[PDB]
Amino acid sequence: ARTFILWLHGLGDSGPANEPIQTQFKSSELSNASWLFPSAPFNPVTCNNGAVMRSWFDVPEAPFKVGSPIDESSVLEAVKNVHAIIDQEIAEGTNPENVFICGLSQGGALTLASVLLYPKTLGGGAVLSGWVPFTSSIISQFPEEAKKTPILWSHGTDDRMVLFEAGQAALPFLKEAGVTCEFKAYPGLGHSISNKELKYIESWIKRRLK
């Protein structure tokens, strides 16, 4: 049926600059999927000394480690924007289980926050080199259906922008929240997208579609 894939770009990037990602998804099963690459608003970014750029939410510190500070309210503002996109596409007849949210880096952190806060079960969330953008205080607000959405987390072991330990820290967080997560480590990969990483995400989406 109709598949919808929302891709969330990283810090300072844009939607149109990442639309060629869909050319790497060459399978026949995803060929009819509808992709959307939105662009974040221009916001000041604290880890860049308040410089304005396309940013989903404020990043207080980078490189991101376990225990690096976060701006939780700023993330929830971005979640509202993502949820309006999902709300609209569901209100146009897409089955929520056919909706997939994927994101790189800051867009990965937004993918995680948007999926765990959406009132309905979605097809899945694919996090590429993301981080947990809020504290455990938010776990109590995760809707019941949202905890059934499968999460695929991909992270590079050599990443020094978002430390690999920060991606590892997402697993105890997600287990405490009652969320299923497949963690896929990529040896020698840094803070970037590899083609084998994307192919594994395509295969993962295909199996979720069953």
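Sequential numbering from 1, following the sequence displayed.
Quiz item: Hey, which bit's got the bigger mean C-alpha B factor in the entry, 155 to 163 or 61 to 69?
Solution: Mean C-alpha B-factor is greater for 61 to 69.
Practice problem: Name the higher of the two by mean Cα B-factor in the PDB entry, 87 to 95 versus 116 to 124. | Solution: Per the PDB record, 87 to 95.
Quiz item: Can you tell me which of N43, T149, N32, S39 has the highest Cα temperature factor in the record?
Solution: Highest CA B-factor of the listed options: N32.
Practice problem: Please place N18 in the lowest, middle or highest third of its chain by C-alpha B factor as given in the entry. | Solution: Tercile = middle for this residue's CA B-factor.
Practice problem: Sorting the chain's modelled residues by C-alpha B-factor, tell me whether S105 ends up in the lowest, middle or highest third. | Solution: For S105, whose C-alpha B-factor we compare with every modelled residue in the chain, the answer is the lowest third.
Quiz item: Which third of the chain holds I138 when residues are ordered by C-alpha B factor: lowest, middle or highest?
Solution: Tercile = highest for this residue's CA B-factor.
Quiz item: C-alpha B factor of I201, ranked within the chain: lowest, middle or highest third?
Solution: For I201, whose C-alpha B-factor we compare with every modelled residue in the chain, the answer is the middle third.
Practice problem: Would you check the entry's CA temperature factor for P187 and let me know if it's in the chain's lowest, middle or highest third? | Solution: It belongs to the highest third of the chain when residues are ordered by C-alpha B-factor.
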